[PDB]
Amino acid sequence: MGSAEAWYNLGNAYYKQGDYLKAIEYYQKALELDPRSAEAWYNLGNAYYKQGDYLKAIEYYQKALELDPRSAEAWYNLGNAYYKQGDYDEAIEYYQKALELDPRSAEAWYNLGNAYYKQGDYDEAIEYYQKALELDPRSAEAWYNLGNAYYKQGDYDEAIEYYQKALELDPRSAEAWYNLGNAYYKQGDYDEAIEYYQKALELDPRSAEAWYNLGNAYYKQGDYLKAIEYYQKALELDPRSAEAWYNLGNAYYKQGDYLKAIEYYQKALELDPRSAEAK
C-alpha cells in the first residue's frame, strides 16, 4: 500500500527528532498496511535498538532480512544488536556477511576489530583495524584501538608509535594519554609516563586510576612522599578501593625504611671520621 508510506514517513519524521515511542507506533501502524516493506521492519528494528531493547530489535531485524537480504545497512546494524548485547561470537559472522556485499566501509571493518579485540583474539583484530585505517586513516578511534591491540600483545614500541598518531588526530582524549603513559611505564621508562599521565589529569582530573598510576610512577622512581600525594588524591576519589589502603600503606611505610636508611647511614658516618683515616 502507498498509505503505509505516509505512516512510515511519520515514523522517520519522529525518528529524526527522537520520540522513538512515536516512531514505533506509526511504524507498527504502517506495518499492518504493508508487512512487505523491509525499510519499515528495518526502521522498526532501528527504533527498538535505539531505546535499549535488542531481543525485539533482532526479531525485527531478522524479519527485515527475510524480505530484503540485500543491504549491508541491514547486516551491519544486525551484528551490532548482538555486540551491543554481548554475543560477539555472532556479531562477527553477521558482520562478515555485510563485508561481502559492502566491503569498503570503515565502520564495518573497524567494528570487526572491535569484535575480535573484544573476543580476546587480538592477533586477528589487527587485520581489520588495518583495513579500516587503510580505507579511512582519519578515525582517531582506530589508531587508539590499534595502539591498544598491540599493547595487550606486548609490542609497546609499536603501540607507542600508534597511540602517538591517535594523539595527533585527537589530542582531546584524556583516556588516551593514560595508556601512552602506561606504554612507557611497562618498559624501562617511568618519566615520560609522568609527563603523559600529568596530561591525562590536565584533561580529566577526576580520573583516579590516573592519579594512582601517577603515584605508581614515583614509587618506581623513589619520590615516595610525592607518590603518596597522588595516592592521597586517588583515595578521596575511591574510598572503597580495596588496595587503596594496602598500596597507600605500602607507600607510607616505604618512606619509613628510607628515613631510617638516612639515620643508620648518618650514624655510620659518625663512627668513621674519628675512627678511621682517609680509608
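Note that residue numbering begins at 1 and tracks the sequence as displayed.
The deposited model assigns a higher average Cα B-factor to 82 to 90 than to the other stretch when 82 to 90 and 191 to 199 are compared. Comparing the deposited coordinates for 255 to 263 and 17 to 25, the stretch with the larger average C-alpha B-factor is 17 to 25. The PDB entry assigns the greatest CA B-factor among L237, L55, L225, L31 to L55. Remark: of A166, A108, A208, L146, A108 shows the highest value [criterion: C-alpha B-factor in the PDB entry]. Per the deposited record, the Cα B-factor of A276 falls in the lowest third when ranked against the other modelled residues of its chain.
Looking at the C-alpha B-factors along this chain, the one for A74 belongs to the highest third. Among all modelled residues in this chain, the alpha-carbon of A38 has a temperature factor (C-alpha) in the highest third. In the deposited entry, the Cα temperature factor of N114 sits in the bottom third of values across the chain's modelled residues.
In the PDB entry, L65 places in the highest third of its chain by CA B-factor.
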